[PDB]
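So this first bit is one chain, no partners, the form deposited in one PDB entry, shown in structure tokens.
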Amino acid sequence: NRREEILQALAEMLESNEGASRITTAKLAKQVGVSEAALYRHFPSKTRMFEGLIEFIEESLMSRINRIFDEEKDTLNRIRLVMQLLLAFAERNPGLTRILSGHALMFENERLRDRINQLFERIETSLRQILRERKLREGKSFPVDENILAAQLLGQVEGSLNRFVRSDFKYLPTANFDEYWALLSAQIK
């Protein structure tokens, strides 16, 4: 549980207004209430601390993506749920969002970006999968090719999250989601 106390505090730091700046191992140490070397007994480096946060984000998102594939069998509903999950997750975890948008990683090992790109590739592939199953489940397909649309949907989400982090979390992603979904539906249907 100790190993989690660290990742949880690191997450709380990124959420606060301090998350906009470099989270020093000393400041992180003050949140956990332990010494600096007390952190380096669960994590070889600072980068492993982020690598663990990233894994968490991926775990939540992909798991829930799959749950939707089993729970819901209607194509449009599937896209709706995934779009909502992505924006809602970002809204409940502003600090983790700073890692998804890649701003918090600016101060860390530039290789962590590979994990971020692999996470996005999983979301995209998942999105693409849902769209492909339409002609089979409904007979109809989409105006644009599945790959293009998957990328288009993923782009709107990244853009939406970049604004969230940009505005200092003032611009909420899920606020007006219903009207937004109604817009996509009229576009995708």
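The first residue of the sequence shown is number 1, and the count goes up from there.
This protein has a second form, the form solved in complex with a partner chain, left out of what is shown; the following refers to that one.
Undergrad: At the 4.5 Å heavy atom threshold, is residue 30 in contact with the partner chain in the bound PDB entry?
TA: Residue 30: no contact with the partner chain in the bound PDB entry.
Undergrad: Does any heavy atom of residue 140 come within 4.5 Å of a heavy atom of the partner chain in the bound PDB entry?
TA: Answer no; every heavy atom of residue 140 is more than 4.5 Å from the partner chain in the bound PDB entry.
Undergrad: Quick check on residue 39: any heavy atom within 4.5 Å of the partner chain in the bound PDB entry?
TA: Looking in the bound PDB entry, residue contacts with the partner chain do not include residue 39, since no heavy atom lies within 4.5 Å.
Undergrad: Is there a heavy atom of residue 96 no more than 4.5 Å from a heavy atom of the partner chain in the bound PDB entry?
TA: Taking the distances in the bound PDB entry, the answer for residue 96 is yes, it comes within 4.5 Å of the partner chain.
Undergrad: Non-hydrogen atoms within 4.5 angstroms of the partner chain in the bound PDB entry: do 8, 12 and 85 all have one?
TA: Checking in the bound PDB entry: 8, 12 and 85 are all within 4.5 Å of the partner chain.
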